[PDB]
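Only one chain is given next, in structure tokens, and it is the form deposited without this ligand.
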């Protein structure tokens, strides 16, 4: 329905799962997309699977890599013109309690999940402000940004940080009339090939004491809320949290 007419989007971690579904729906709604990922083998195949290079390209990048962020925005503008939309979706997890998190685990996870979002959000504001683009920064901030999980200590830290840092950025962009919105999306458990690779994971996640709907979601569940937030339909939404979680946080 051309809901993203003329938009130019960067999606980090766009080569798999949630990020790939966001990229797919963004292209279907008329956006030009640059997806990122660490593995050129995966990324080259992923871009080609979604569309032609006039619609979607791949840029190899680890979101923790500060200087690569500059190269990524330049490559996207060279391909598609000025960037309007950034989805900070790249993330990793550590399955440790706070008590059992090694400092190396802590720093590695924060480098991707927190520094990556900071670097992308900071650079995005510089590059997308004051251009009449209807710019939108969408930060993936998890149900683990609202509630704790005893075995996700560092992940919880990262997602709580993204949640409130995003409000700061939203406010500064609003008060300065930058034409940049910043919002967070908080997925509950989502079925991906990686969940499928973990025996018993989907069944545990689908128990009513975890997800009240009694099943987990699917990548397009997160793609559709991202289309809304990237579109001009959400021009009055900034500094807000959007939860799509099968009821996980309602109980």
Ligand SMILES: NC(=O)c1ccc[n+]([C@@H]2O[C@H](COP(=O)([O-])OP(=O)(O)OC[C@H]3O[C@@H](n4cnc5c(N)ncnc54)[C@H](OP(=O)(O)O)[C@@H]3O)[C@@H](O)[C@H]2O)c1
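Numbering follows the first chain given and starts at 1.
Just so you know, the form deposited with this ligand bound exists too; it's not on screen, but the next bit is about it.
Site status: open, since this ligand, placed here by C-alpha superposition from its pose in the entry with it bound, has no atom within 2.4 Å of backbone or C-beta atoms. This ligand is not drawn, but in the entry with it bound it has a heavy atom within 4.5 Å of residue 90. By the criterion of a heavy atom within 4.5 Å, residue 57 is excluded from the residues contacting this ligand in the entry with it bound. In the entry with it bound, this ligand lies within 4.5 Å of some heavy atom of residue 16. Within 4.5 Å of any heavy atom of this ligand in the entry with it bound lies no heavy atom of residue 213. The candidate site formed by 85, 231 and 243 is entirely out of contact with this ligand in the entry with it bound, as no residue has a non-hydrogen atom within 4.5 angstroms of it. Using a 4.5 Å cut-off on any heavy atom, the residues of 49 to 67 that reach this ligand in the entry with it bound are, in sequence order, 61, 62, 63.
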